[PDB]
Amino acid sequence: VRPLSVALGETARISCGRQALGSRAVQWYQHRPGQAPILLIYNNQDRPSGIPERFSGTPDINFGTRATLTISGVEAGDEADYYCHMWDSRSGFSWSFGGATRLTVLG
Amino acid sequence: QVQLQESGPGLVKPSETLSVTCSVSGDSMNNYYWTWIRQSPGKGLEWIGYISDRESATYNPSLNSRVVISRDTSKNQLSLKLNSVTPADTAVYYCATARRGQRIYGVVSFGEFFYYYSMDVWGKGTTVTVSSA
Ligand SMILES: *[C@@H]1O[C@H](CO)[C@@H](O[C@@H]2O[C@H](CO)[C@@H](O[C@@H]3O[C@H](CO[C@H]4O[C@H](CO)[C@@H](O)[C@H](O)[C@@H]4O)[C@@H](O[C@H]4O[C@H](CO)[C@@H](O)[C@H](O)[C@@H]4O[C@H]4O[C@H](CO)[C@@H](O)[C@H](O)[C@@H]4O)[C@H](O)[C@@H]3O)[C@H](O)[C@H]2NC(C)=O)[C@H](O)[C@H]1NC(C)=O
Ligand SMILES: *[C@@H]1O[C@H](CO)[C@@H](O[C@@H]2O[C@H](CO)[C@@H](O)[C@H](O)[C@H]2NC(C)=O)[C@H](O)[C@H]1NC(C)=O
Ligand SMILES: *[C@@H]1O[C@H](CO)[C@@H](O)[C@H](O)[C@H]1NC(C)=O
């Protein structure tokens, strides 16, 4: 499990797992410890209900850009595990959720 | 509201099946594609399979095909049955749903589209710990 450190107010731009191959529909999730995971980013730009404008991914237009997830202005409550389910076209089906990254907030 | 109660057994033995349940009341006719998602200590979130109206439940290749599934409209619920358990399978088994959306990258008559699975509504998840006693 790869850790990551960020402070209060800084734009946390966490990385992804495997390399992007062709088209992309990334699936970003915030897995809280003990609770249920929450959907954050689907189809590289869209957000579901209950999520503000802070959580946003990179839209895959003119491929060659790596997939990241920007968290602008983090708090103490939004400090949990993160997953990046990479769905592409040159690998077929995706059965694993990739390498989980753990966000840590100092303070 | 999608209600998802988890009446799992909790304490299982080797050479025993699973009986974790999830019953949905509400907007649950055919569109919300249900699935099973687990979380072990150390091992990440393993998407072990889903079930649709086509009755083709594709399972995980790392699961080694030891899981049969059962969704019925008489009891109005979804159950899981895992056989020949291992002591590293002390996981929290969530019963969530997904929406299968396509991503077109070319011509639709040439098969240039692939499907993803976006999990939007989640459940609680019960702590089913494998006990070898
Ligand atoms: C000969 O005639 C054929 C048809 O008669 C032509 O086939 C067409 O080919 C184009 C190829 O560009 C297809 O258009 C694209 O469709 C993508 C998805 O389709 C639908 O998306 C939206 C609905 O979700 C909708 O708004 C849209 O109008 C369309 O109906 C769409 O997208 C991605 O496409 C690329 C895939 O790699 C990416 O590079 C691109 O950046 C887009 O990614 C963005 O959009 C997605 C979804 O919105 C986001 O998730 C991403 O984050 C990112 O922001 C494109 O915008 C585009 O509309 C078209 O569908 C297809 N028509 C058919 C099959 O009928 C063929 O091109 C033509 N040949 C020539 C030489 O003219
Ligand atoms: C098969 O095709 C791939 C490219 O599509 C060739 O290169 C491999 O590419 C992947 C991803 O870019 C790397 O992880 C591999 O290490 C590459 N293979 C190498 C360097 O040997 C690949 O060589 C082709 N052939 C075979 C036999 O796999
Ligand atoms: C296609 O790939 C080549 C090799 O990397 C690159 O030079 C070219 O710009 C690509 N075309 C695009 C992105 O339209």
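Any idea how far the Cα center of the range B:6-35 sits from the one of the range A:55-70, in Å?
For the range B:6-35 versus the range A:55-70, the Cα centre distance is 35 Å.
I need two numbers for the protein assembly as shown: Rg to one decimal and Dmax as a whole number, Cα atoms only, in Å.
18.5, 57
Once the Cα atoms of the range A:4-105 are picked out, what are the Rg and Dmax in Å?
When restricted to Cα atoms, the range A:4-105 yields Rg and Dmax of 13.2, 39 Å.
In debye to the nearest 20, how big a dipole does the range B:1-128 give about its Cα centre with +1 on each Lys and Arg Cβ and -1 on each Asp and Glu Cβ?
Once rounded to the nearest 20, the dipole reads 140 debye.
Please compute the contact order of chain B in relative form: average sequence separation of alpha-carbon pairs under 8 Å and at least six residues apart, divided by the residue count, as a percent.
Reported relative contact order: 32 percent.
So between B:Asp27 and B:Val2, what do we pick up on full extension, going 0.36 nm a residue minus the alpha carbon distance?
Length gained, B:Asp27 through B:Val2: 8.3 nm.
Mind pulling up the Rg/Rh value for the range B:1-52? Radius of gyration and Kirkwood radius, both on Cα.
Using Cα coordinates only, the ratio equals 1.01.
Explain nothing, just the number: relative contact order of the range A:4-105, from Cα pairs under 8 Å at least 6 residues apart, as a whole percent.
In percent, rounded to a whole number, it is 38.
Could you give me the radius of gyration and the Dmax of the range B:90-133, taking only the C-alpha atoms into account and expressing both in angstrom?
17.7, 57
Which order do B:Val24, B:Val108 fall in if you start with the one that has the fewest other Cβ atoms within 10 Å?
Listed from fewest to most nearby Cβ atoms, that is B:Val108, B:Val24.
Compute the projected area of the convex hull of the Cα atoms of chain B, averaged over all viewing directions, and report it in nm² to one decimal place.
9.3
B:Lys75 to B:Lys43: extension gain in nm, 0.36 nm per residue of separation minus the Cα-Cα distance?
8.3 nm
Of the options A:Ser49, A:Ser23, A:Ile71, report the single residue whose Cα projects farthest towards the positive end of the charge dipole of chain A (beta-carbon charges: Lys, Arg +1; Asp, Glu -1).
With unit charges placed on the Cβ atoms, the residue in question is A:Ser23.
At a 10 Å Cβ-Cβ cut-off, how would you order A:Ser49, A:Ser5, B:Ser118, fewest neighbours first?
Taking fewest neighbouring Cβ atoms as first place, the list is A:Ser49, A:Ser5, B:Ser118.
Please compute P(r) over all alpha-carbon pairs of the range B:27-101, binned at 10 Å starting from zero, and give each bin as a whole-number percent.
In order of increasing distance, the bins hold 16, 53, 26, 5 percent.
Between B:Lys124 and A:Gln35, what is the label-point separation in nm under the 7 Å Cα-to-beta-carbon projection?
1.6
Positions of Cβ are generated from backbone atoms using ideal geometry, with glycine treated the same way; all protein chains shown enter the neighbour counts. Where a number appears in this text, it was derived from the coordinates with a stated rule and is not lab data.
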